[PDB]
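J.: This is the structure I have questions about; it appears just below.
Laboratory data are not the source of any read-out in this text; all were calculated from the coordinates shown. No Cβ is skipped: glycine too gets one built from the backbone with ideal geometry, and neighbour counts run over all protein chains shown.
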There are 2 protein chains.
Amino acid sequence: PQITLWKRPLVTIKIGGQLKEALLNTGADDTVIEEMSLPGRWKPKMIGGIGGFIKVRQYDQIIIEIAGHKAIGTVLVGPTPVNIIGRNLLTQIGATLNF
Amino acid sequence: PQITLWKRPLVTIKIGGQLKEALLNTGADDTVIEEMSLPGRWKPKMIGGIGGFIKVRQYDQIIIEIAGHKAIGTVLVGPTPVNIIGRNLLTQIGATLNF
Ligand SMILES: [Cl-]
Ligand SMILES: [Cl-]
Ligand SMILES: [Cl-]
Ligand SMILES: [Cl-]
């Protein structure tokens, strides 16, 4: 698809068997999902931006479906106000900015 | 151009006659620039980020060039960690997300 930017670019994702809405975020290095359980090992991490930092759990090798496109990568889980698909997974679905 | 996302989508902007680097950010409603002098009056605005809320200065109708494309619109000024081009100006330059 081609997604215009008049509104927030929200899509449906599937992660850990759950459907969620998430923001396609070219301004995020990483993918950050609101609190949920994921399988396997994790390690703590601090992520930063406007307003400061939050602590998250880093899970590696997690499969997501993003608007029907499957990808795999690291997923961070923590108290983000919005579910975020960041560049580490946007690359895997072939997403580009165009103007 | 068509910009892939393996690295941060940084471009050159021109504002107040000065060249700066800024991040094309589909996860930002608004455009937020680090502390600098801009003409005219400003209004108060609260913005939310990954770490919390911060107060910024809202300057309306500011001339700004983004990757060679001219825009005139609202620029927020405050302690952002990186200069951010948000959707208010991405729409002015004709940017879309594509996959
Ligand atoms: Cl979708
Ligand atoms: Cl925290
Ligand atoms: Cl990854
Ligand atoms: Cl505007």
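J.: For region A:1-44, enumerate the residues that are surrounded by 14 or more Cβ atoms within 10 Å (Cβ to Cβ), more than 15 Å from the chain's Cα centre (by Cα) and more than 10 Å from chain B (Cβ to nearest Cβ).
T.: Hit for region A:1-44 is A:42, nothing else.
So that you can scan it fast, the table gives a plain yes or no per residue for (1) surrounded by fewer than 19 Cβ atoms within 10 Å (Cβ to Cβ); (2) of a type in the set (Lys, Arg); (3) under 13 Å from residue A:31 (Cα atoms); (4) within 16 Å of ligand 4 (Cβ to nearest atom):
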residue	(1), (2), (3), (4)
A:52	yes, no, no, no
A:67	yes, no, no, no
A:80	no, no, yes, no
A:87	no, yes, yes, no
A:91	yes, no, yes, no
A:97	no, no, no, no
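J.: Mind checking whether some residue in region A:25-32 is within 16 Å of ligand 3 (Cβ to nearest atom), hydroxyl-bearing (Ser, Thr, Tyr) and in contact with a helix residue (DSSP H, G or I) (Cβ under 9 Å, 6 or more places away or on another chain)? Explain how you work it out, then say what you get.
T.: From region A:25-32, those within 16 Å of ligand 3 (Cβ to nearest atom) are A:25-26, A:28-32; that's our starting set.
Then drop every residue that is not hydroxyl-bearing (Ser, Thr, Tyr), which leaves A:26, A:31.
Subsequent filtering for residues that are in contact with a helix residue (DSSP H, G or I) (Cβ under 9 Å, 6 or more places away or on another chain) retains A:26, A:31.
Yes - at least one qualifying residue is present in region A:25-32.
J.: Taking into account only those residues within region A:53-81 that are more than 22 Å from residue A:1 (Cα to Cα) and at the interface with chain B (Cβ under 10 Å from one of its Cβ atoms), which is nearest to ligand 3 (Cβ to nearest atom)?
T.: My answer is A:56.
J.: Let me ask you something else. Residue B:50 is checked against (1) under 27 Å from residue A:66 (Cα atoms); (2) β-branched (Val, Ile, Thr); (3) touching a residue at least 12 places away in the same chain (Cβ under 8 Å) and fails just one. What number does that condition carry?
T.: Evaluating residue B:50 over (1) under 27 Å from residue A:66 (Cα atoms); (2) β-branched (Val, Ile, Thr); (3) touching a residue at least 12 places away in the same chain (Cβ under 8 Å) leaves (3) as the failure.
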